[PDB]
Amino acid sequence: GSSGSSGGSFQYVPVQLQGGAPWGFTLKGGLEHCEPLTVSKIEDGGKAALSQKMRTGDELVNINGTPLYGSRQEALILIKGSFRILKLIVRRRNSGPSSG
């Protein structure tokens with residue numbers, strides 16, 4: 001007998017945009033500064049916000065279907081040349097009501 005319980009759950013919210021940039025969403029941190037690349041700012045009124053799928057605090061690891069490796073540049077850059085539709089997958093480590 002020894003303490004050992006598993007409790008690592010995560011939810012991927014695929015934010016599918018439509019209309020074309022600008023979207024109205026940015027990021028901060030990244031492997032560069034050893035920070036979890038997560039939404040830093042999202043224009044309230046653009047596309048990103050209108051989607052109501054993501055919000056400042058989510059972790060984006062997939063942009064336009066491109067799996068990032070934590071980096072930032074490649075990320076923000078992948079957007080600069082977005083298309084009529086944007087595909088992103090943010091993971092939120094839901095917690096609170098769960099004991100452990």
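Derivation of every value follows stated rules applied to the coordinates shown; laboratory data play no part. Ideal geometry is used to build each Cβ from the backbone, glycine not excepted, and the neighbour counts take in all protein chains shown.
For segment 80-100, does any single residue satisfy the condition of being under 30 Å from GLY7 (Cβ atoms) and touching a helix residue (DSSP H, G or I) at 6+ places or on another chain (Cβ under 8 Å)?
no
In segment 43-100, the qualifying residues are those that are assigned to a loop (DSSP other than H, G, I, E, B) and among the aliphatic types (A, V, I, L, M), and the one that is surrounded by the fewest Cβ atoms within 10 Å (Cβ to Cβ) is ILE85.
For segment 1-42, what are the residues that are surrounded by 12 or more Cβ atoms within 10 Å (Cβ to Cβ), part of a loop (DSSP other than H, G, I, E, B) and not hydrophobic (A, V, I, L, M, F, W, C)? Listed by number, the residues that qualify are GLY19, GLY20, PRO22, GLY24, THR26, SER40, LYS41.
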